[PDB]
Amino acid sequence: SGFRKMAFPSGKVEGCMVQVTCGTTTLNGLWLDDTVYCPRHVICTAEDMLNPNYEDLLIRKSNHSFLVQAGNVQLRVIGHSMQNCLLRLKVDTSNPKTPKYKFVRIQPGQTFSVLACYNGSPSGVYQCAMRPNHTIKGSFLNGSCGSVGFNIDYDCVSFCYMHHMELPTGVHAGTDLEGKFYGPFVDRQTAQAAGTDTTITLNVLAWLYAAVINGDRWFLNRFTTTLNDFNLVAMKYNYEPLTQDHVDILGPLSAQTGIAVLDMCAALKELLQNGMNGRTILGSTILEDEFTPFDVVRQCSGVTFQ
């Protein structure tokens, strides 16, 4: 038993962190085959941050303007291009520890591991979800830019995030490994805010299924609901509306625990309305929306404690 936020082991990724320096700015970059990706804002400073122009700021740079370091060793650039919000730097060496990998764009609600890095040197690993407002509740200081987020299937790394910035609310914003931001955000320095966020309904229900799989039941009730009656309740309590695709996704977990979904939505509706009644679910006193259904399947037992 037990249920904890679990990150993927981070070895395969540690082998791809490198330091990238341009003038007076240093940040982490990602080294796959003979390419090294990093935030384009590495080439920037003074007011260069308030009103920049990277097409312009980048043409006034050459390959040897970038000092990519790999441990105490050193890599030389031989090409460079911008891709949307990232630089793609070709280098002389190809990464001996390059894992099988791919690049995907995760959707709000999905989760991934973050490897926090300073100066190309990995310091720590945590799990985080993409928040409906497209930001994450990370833990980064200055120097963390270029730290990446990822999942692992079998032996294959799916990169999905590269860190770029901290919003005024203290939450983070970044991009996939294609350079495209998640959210409306930009790598300028303006009055930007996180749009109001929402609790991830699919996940809370996945969580309650785990509470049951572990073997606790106290939040259940004899009632049921129609999708529609739930969403009317949910909307007020600031939840994302639930849809059929979501309901379908809670399929197997219904099966393994023998509890129908709309029945759990009723449980949920009740928890929203009655509060926790001074006890815990799976150790927590709030409702936990950062576990997906896939995260519950993977970590939880294949058989139920009935």
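Residue indices: 1-based, along the sequence shown. Under this definition, the rigid core comprises the largest set of C-alpha atoms superposing within 1.5 Å between the forms.
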Positional deviation of Cα atoms in 9 other deposited structures of this protein after core superposition, greater for 80 to 88 or 186 to 194: 186 to 194
Greatest C-alpha divergence in 9 other deposited structures of this protein once each structure is fitted on the rigid core, 38 to 46 or 251 to 259: 38 to 46
Which of 37 to 45 and 272 to 280 has higher mean CA B factor, as the PDB entry lists it: 272 to 280
Mean C-alpha temperature factor, higher of 243 to 251 and 48 to 56: 48 to 56
Most elevated Cα B-factor in the entry, residues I106, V148, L141, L75: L75
Most elevated Cα B-factor in the entry, residues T111, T169, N203, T226: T226
Chain thirds of CA B-factor: placement of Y154: highest
Entry-reported Cα temperature factor of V212, expressed as the chain third it lands in: middle
Chain-relative CA temperature factor third for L177: lowest
Where the record places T199 (Cα B-factor, split into thirds across the chain): lowest
Third assignment of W218 from its chain's C-alpha B-factors: highest
